[PDB]
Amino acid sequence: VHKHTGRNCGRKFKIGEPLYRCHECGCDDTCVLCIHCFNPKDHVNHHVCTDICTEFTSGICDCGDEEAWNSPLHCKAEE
């Protein structure tokens, strides 16, 4: 399971995969969540940007890295 209780997700994105950013929740605009972690319940009427990962925008999921977020998140994998 994609659960990562007690630590950061750190799941590396692949080309073509969805990445989730939130204007208000994200510390900065490099702060991202993977599909397994992003919980819509955390972001009702938030300005959520879901992009498709390309060759350029390569990185990792920030779920569970509390320094990357302004609000406490509730991992979707944990459900």
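Note that the rigid core is defined as the largest set of C-alphas that superpose within 1.5 Å between two forms. When you see a residue number, it is the position in the sequence shown, counting from 1.
Between 43-51 and 29-37, greater CA displacement relative to the shown form is found for 43-51 when the structures in 9 other deposited structures of this protein are fitted on the core. Comparing 54-62 with 16-24 by root mean square Cα distance to the shown form in 9 other deposited structures of this protein, with the rigid core used for the fit, gives 54-62 as the more displaced stretch.
For the two regions 24-32 and 50-58, the entry's Cα B-factors average higher over 50-58. Ranked by Cα temperature factor within the chain, residue 15 sits in the highest third according to the deposited record.
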